[PDB]
Amino acid sequence: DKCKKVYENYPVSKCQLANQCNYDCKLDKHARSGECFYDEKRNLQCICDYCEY
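Throughout, the entry's author numbering is defined as the position within the sequence shown, counted from one, plus 1.
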């Protein structure tokens, strides 16, 4: 939680690529590893991680 931050304002099919997630997040949310997960909406939620993951 403290090291995790969900950005529902940035779920993109492009995120389907664990590569785009961290790269794009770094550019947008400055996330360290930008990790995306699948929610109930079957959408890719961009969860910025800080060190812990």
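Cβ atoms here follow ideal geometry from the backbone N, Cα and C, with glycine treated the same way.
Can you tell me where the alpha helix (DSSP H) with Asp25 in it begins and where it stops?
Your numbering for residue 25 matches position 24 in the sequence shown. Here the alpha helix (DSSP H) through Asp25 covers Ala19 to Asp29.
Closer than 8 angstroms by C-beta to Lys27: which residues in its own chain qualify, once you throw out the five before and the five after it? Chain order, please.
As a first step, residue 27 must be located in the sequence shown, where it is residue number 26. Excluding the 5 residues flanking it on each side, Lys27 has same chain C-beta neighbours closer than 8 angstroms at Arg33 and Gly35, in chain order.
Would you call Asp25 buried or exposed, if buried means 16 or more other Cβ atoms sit within 10 Å of its Cβ?
The residue given as residue 25 occupies position 24 in the sequence shown. Label assigned to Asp25: buried.
Near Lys30, what residues of its chain come up, given a Cβ to Cβ distance below 6 angstroms and the 5 sequence neighbours on each side ignored?
By one-based count along the sequence shown, residue 30 stands at place 29. Closer than 6 angstroms at Cβ, skipping near neighbours: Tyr8 and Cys49.
Going by CA-CA distance only, name the one from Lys5, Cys4 and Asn44 that's closest to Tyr11.
By one-based count along the sequence shown, residue 11 stands at place 10. Taking only the C-alpha atoms, the option nearest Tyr11 is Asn44.
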